[PDB]
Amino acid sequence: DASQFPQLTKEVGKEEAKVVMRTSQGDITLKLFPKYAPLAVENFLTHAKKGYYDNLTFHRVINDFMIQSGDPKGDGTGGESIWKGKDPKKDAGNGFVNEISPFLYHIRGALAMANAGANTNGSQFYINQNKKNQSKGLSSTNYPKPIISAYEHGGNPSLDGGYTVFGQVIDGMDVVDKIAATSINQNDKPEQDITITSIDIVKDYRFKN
């Protein structure tokens, strides 16, 4: 049943959040999945609300792979969770735990947390942009049928189980593709720093202790 996999519908469910990530290349609308990755969703929404991501660059842009942002240092070495130095129950100093779900996958459009090892989630996030038909390459036995089908349109299945997925692009995939396109023949294109202008929380979500 495709309804068990919330990335397969653009409709924002009762227990889903919604944001608009305004970028120098256009607006990307994402829904988030606090039911399955509550730490990554709270971390991202809280940083977004406080302006932590404002004017940050997409510091990694790799065509047919993913686009990545959320590093105040702009080179992949920085960023921290909202709990670093504040709540050791959530972040002991090196980041928060991965949140792997059998309902969420690195299909094209998936929003995920970057990490420097399992359970080192800070503030860096990436959007899966790959467009390769990944269906045949999958170990079918280990993937739900609806997800094998969805992987026809692209994704990074090698990342499944290793990184938290916590959202999905529901509008503006063309913007994600335009950002990714800047890595193609970059030797013949003008220098360009792509930035997040702001993140508008359309439908917030909050968490209980």
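Residue numbers run from 1 along the displayed sequence.
Mind pulling up the entry and telling me whether 172-180 or 137-145 has the higher mean Cα temperature factor? 137-145 has the higher mean C-alpha B-factor.
Mean C-alpha temperature factor, higher of 122-130 and 94-102: Here the higher of the two C-alpha B-factor means belongs to 94-102.
For the chain shown, is the CA B-factor of residue 156 in the lowest, middle or highest third of its modelled residues? Its C-alpha B-factor, which the entry lists for residue 156, ranks in the lowest third among residues of this chain.
Tell me, lowest, middle or highest third: where does the Cα B factor of residue 84 rank within its chain? For residue 84, the deposited C-alpha B-factor lands in the middle third.
Please place residue 55 in the lowest, middle or highest third of its chain according to the CA B-factor in the PDB entry. CA B-factor rank for residue 55: middle third.
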